[PDB]
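Asker: okay, here's the opening piece of the assembly, coordinates as they are in the complex:
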Amino acid sequence: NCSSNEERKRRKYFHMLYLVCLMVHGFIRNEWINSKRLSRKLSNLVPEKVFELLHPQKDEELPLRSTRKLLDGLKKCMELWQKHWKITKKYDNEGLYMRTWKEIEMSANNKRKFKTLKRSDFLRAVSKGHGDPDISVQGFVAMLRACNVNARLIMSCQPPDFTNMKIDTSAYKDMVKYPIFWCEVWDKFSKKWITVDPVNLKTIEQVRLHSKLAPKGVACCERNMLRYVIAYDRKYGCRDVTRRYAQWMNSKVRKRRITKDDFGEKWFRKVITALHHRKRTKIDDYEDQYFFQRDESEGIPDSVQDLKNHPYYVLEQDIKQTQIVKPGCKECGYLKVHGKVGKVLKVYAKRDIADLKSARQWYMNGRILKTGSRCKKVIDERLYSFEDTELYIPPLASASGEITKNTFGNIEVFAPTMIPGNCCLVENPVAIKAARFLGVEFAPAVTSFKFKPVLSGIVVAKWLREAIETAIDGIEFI
Amino acid sequence: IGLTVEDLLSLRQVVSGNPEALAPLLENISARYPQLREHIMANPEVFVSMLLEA
């Protein structure tokens, strides 16, 4: 029922590629939204009274009353937009909802006929009031923006699911039940971003722990699996705002994002920075503060499956053999086990768990034991904490560039630290050939093991680097 | 990276105005540029910037 690691690896890759494209689409669309030609037309849709409602006066005794006025404005805008958008189309096909691996594979075959959508046509559409719900909302953001309110465009990116390993992977009303696009609006009085879905759910919410927009129910999550919710702002910001809309971000959603391993996170942040064309504002901080609060109000999940590979939390039973409880800590919570009577588990904070390694294991991380170290745990093998240890500084090479080697005539380099200070690592199949030809002093580098040493190159004095590299470059003439 | 002007054209245009049609284009283009894969894994921000210069 299950596919090859090749297909797995392809699906993960295609997922990243498809995502990056989607997020770029957001960026470009949000540009088209900021259009001045559009603004000038859209402003006159909004009465001055409504405009005044959208920019209430600072109220010192009760800012709430100002927020309240802003909310009233946003509702009047949603209504007059209901009237402006006359002809509301159907998506040609599945729109930007998630597609199944099968559908993708099969999309190669039939080259479905697609009317291209140029930039003019978008503006013209928004001005006529003719388009699908995605365009409709996008226009709505244009409108608010033309009124000089700070109004983000939100996009729930649905790349194909890269956690679906399956070979065989198996109507309209259930897909459109929740939106792909919507709007946020910044309340300077209450210092929070307000959520606005003027077309699908036609509501306005100040999200605390629950959002009307986050899809619920098996049917809605088939075509909409909420993982990457991106906010684009007037100033060509790009911020991952998923945490607002995902009630369980740290358990459920983390398993389904590329961000679950560390490589993923690094990749995702690279993409957001590529897409984030402004510099940090104070609002960014008000938001990040909200997100931290949310991340601290999520808490312990209600099931064992959601505590596998949880970022903050671990069951006493999932503590690895090589971990210990940090002295004077204890459970931060308990987990009632659904489906076993009376069965209870001790839940620890991962921040209270220490990782221990044996001497060799540390050496493979380039570390040796500090003076007067005690072991923290035993198995015949004593394990030690990271603070029991110290960098390994290998002896410097001589003037002639001799490297002190081991019994097998190599030097072990499993970490940059283990390159001597006056020496460098040169990794190259012929680096050994080179050094032998120049008859300069060097030493083979063991950089890792196969299960047998992997010799990936040479460790030579830095003064000799240029020379080796020349010999490497001229290896054909040796 | 190393792409034509006909593929970067189809990709800027699909990505910008017809993302519904992403699916078949990407199947194709990724099949003509093996290195694109490892590029996207190593250097996504590059692929972005490429798609932005418009």
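Answerer: Here it is on my side, so go on. Numbers count the residues shown, from 1 in each chain, chains lettered A, B, ... in the order given.
Asker: For the rest of this, base every contact and every neighbour count on C-alpha atoms.
Answerer: OK.
Asker: Chain B contacts on chain A?
Answerer: A:13, A:16-18, A:20-22, A:24-25, A:28-29, A:94-96, A:104-105, A:107-108, A:111, A:114-119, A:267, A:270-271, A:273-275 (CA under 8 Å from any CA of the partner chain).
Asker: Toward the C-terminus, what is the element adjacent to the longest helix that chain B contains?
Answerer: Of all the elements of type helix in chain B, the one with the most residues (DSSP state H) is helix B:5-17. Toward the C-terminus, helix B:5-17 is succeeded by helix B:22-32 as the next helix or strand (DSSP states H and E).
Asker: would you put the C-alpha positions of that next one in CSV?
Answerer: The C-alpha trace of helix B:22-32 is given here as CSV (Å, rounded to 0.1, in the frame of the first residue of the first chain):
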residue,chain,number,x,y,z
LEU,B,22,1.3,24.6,-11.3
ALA,B,23,1.0,20.8,-11.0
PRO,B,24,1.8,19.7,-14.6
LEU,B,25,4.3,22.5,-15.3
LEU,B,26,6.4,21.5,-12.2
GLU,B,27,6.2,17.9,-13.1
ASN,B,28,7.7,18.8,-16.4
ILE,B,29,10.3,21.4,-15.4
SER,B,30,11.7,19.4,-12.5
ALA,B,31,12.1,16.5,-15.0
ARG,B,32,14.3,18.7,-17.3
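Asker: near chain A, anything from it?
Answerer: Yes: using CA under 8 Å from any CA, helix B:22-32 reaches chain A at B:22-28.
Asker: List the buried residues for the host helix or strand of residue A:30?
Answerer: Assigned by DSSP H and E, residue A:30 belongs to helix A:5-34. Applying a neighbour-count criterion of 16 or more other CA atoms under 10 Å in any protein chain shown, one finds A:8, A:11-34 buried in helix A:5-34.
Asker: Measure how that helix sits relative to helix B:5-17, angle-wise.
Answerer: Orientation check (axes from the mean of the first three to the mean of the last three CA atoms, to 10 degrees): helix A:5-34 against helix B:5-17 gives 60 degrees.
Asker: can you tell me which residue is nearest the centre of chain B?
Answerer: The residue lying closest to the centre of chain B (CA atoms, centre = their mean) is residue B:11, at 5.3 Å.
Asker: Go ahead and add DNA strand C:
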DNA sequence: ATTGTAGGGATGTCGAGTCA
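Answerer: DNA strand C added:
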């Protein structure tokens, strides 16, 4: 009398199925 060559054990992950 010899040169050339083929032939690691635990832990984790996801899908399905059974039980409650």
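Asker: hang on, the earlier thing: pull up the gap between the residue nearest to the centre of chain B and residue A:138, please.
Answerer: For residue B:11, the distance to residue A:138 (CA to CA, to the nearest Å) stands at 22 Å.
Asker: Also residue A:3?
Answerer: 39 Å.
Asker: What residues does chain B have near chain A?
Answerer: B:13-28, B:37, B:40-42, B:44-45, B:48-49, B:51.
Asker: What subset of the residues you listed is buried?
Answerer: Burial by neighbour count, 16+ other CA under 10 Å: within the residues of chain B next to chain A this picks out B:13-27, B:37, B:40-41, B:44-45, B:48, B:51.
Asker: how many other residues sit next to the nearest residue to residue A:344 once chain neighbours are set aside?
Answerer: Nearest non-adjacent residue to residue A:344, counting by CA to CA, 6 or more residues apart in numbering or on different chains: residue A:336, 4.9 Å away. Residue A:336 has 16 neighbouring residues, counting by other CA atoms under 10 Å in any protein chain shown.
Asker: Can you list the residue ranges for strands in the stretch 101-250 of chain A?
Answerer: Assigned by DSSP state E, counting those that start in this stretch, the stretch 101-250 of chain A shows strands spanning A:130-131, A:151-157, A:181-187, A:192-197, A:203-205, A:228-232, A:238-240.
Asker: how about these, which one is nearest residue A:454?
Answerer: strand A:228-232 (40.4 Å; CA to CA).
Asker: dump the residue contacts of residue 36.
Answerer: Defaulting to chain A. Residue A:36 makes contact with residue A:146 under the criterion CA atoms under 8 Å, 6 or more residues apart in numbering or on different chains.
Asker: you looked at the wrong chain, it should be chain B
Answerer: B:1, B:30.
Asker: Now do the helix or strand containing it and helix B:22-32, the angle between them.
Answerer: For residue B:36, the element it lies in under DSSP H and E is helix B:34-42. Counting by the same axes, to 10 degrees, helix B:34-42 lies at 110 degrees to helix B:22-32.
Asker: Now the next helix-or-strand element following helix B:34-42 - C-alpha only, CSV.
Answerer: Note on helix B:34-42: by DSSP H and E, the next helix or strand toward the C-terminus is helix B:44-52. Output of helix B:44-52 as CSV, limited to C-alpha atoms (Å, rounded to 0.1, in the frame of the first residue of the first chain):
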residue,chain,number,x,y,z
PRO,B,44,15.6,28.1,-2.1
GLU,B,45,16.2,31.8,-1.7
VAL,B,46,18.0,31.8,-5.0
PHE,B,47,15.1,30.2,-6.9
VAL,B,48,12.9,32.8,-5.3
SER,B,49,15.0,35.8,-6.3
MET,B,50,15.1,34.2,-9.8
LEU,B,51,11.3,34.2,-9.8
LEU,B,52,11.1,37.8,-8.6
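Asker: include DNA strand D too:
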DNA sequence: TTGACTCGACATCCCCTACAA
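Answerer: One more chain to add, DNA strand D, which I have set with the ones above:
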């Protein structure tokens, strides 16, 4: 309708004989 638990099949990580020229 769902989750806990189990199992399957992957996947990842941490030396010499026989023989012809």
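Asker: still on that earlier bit, give me the distance from the helix holding residue B:36 to the chain's centre.
Answerer: Remark: helix B:34-42 is offset 11 Å from the chain centroid, using CA atoms, centre = their mean, to the nearest Å.
Asker: Compute the inter-axis angle for that helix and helix B:44-52.
Answerer: Per the same axes, to 10 degrees, the angle that helix B:34-42 makes with helix B:44-52 is 120 degrees.
Asker: what does chain A put close to DNA strand C?
Answerer: A:1-2, A:163-166, A:308-309, A:320, A:339-340, A:450-451 (CA under 7 Å from any atom of the strand).
Asker: repeat that for 10 Å
Answerer: Contact residues, chain A versus DNA strand C (CA under 10 Å from any atom of the strand): A:1-3, A:8, A:161-170, A:255-256, A:260-261, A:308-309, A:318-322, A:338-341, A:449-452.
Asker: out of those, which are buried?
Answerer: Here, 16+ other CA under 10 Å leaves A:8, A:161-162, A:164-165, A:255-256, A:260, A:309, A:319, A:322 buried among the residues of chain A next to DNA strand C.
Asker: Now residue A:236: closest residue in space that isn't a chain neighbour?
Answerer: Nearest to residue A:236 is residue A:277, by CA to CA, 6+ apart, at 5.4 Å.
Asker: from memory that neighbour sits against residue A:233, does it?
Answerer: No: proximity of residue A:277 to residue A:233 does not meet the contact threshold set by CA atoms under 8 Å, at 10.1 Å.
Asker: When these two are compared, which one has more neighbours?
Answerer: The neighbour count for residue A:277 versus residue A:233, taken as other CA under 10 Å, is higher for residue A:233 (24 against 13).
Asker: Quick one: residues contacting residue 47.
Answerer: No chain in the question, so chain A it is. Applying CA under 8 Å, 6+ apart, no residues contact residue A:47.
Asker: actually it's chain B I care about, not the one you picked
Answerer: Residue B:47 makes contact with B:39-40, according to CA under 8 Å, 6+ apart.
Asker: Distance check, it against residue A:387.
Answerer: 41 Å.
Asker: just residue A:320 next, same as before
Answerer: The value you get for residue A:320 to residue A:387, if CA to CA is used, is 19 Å.
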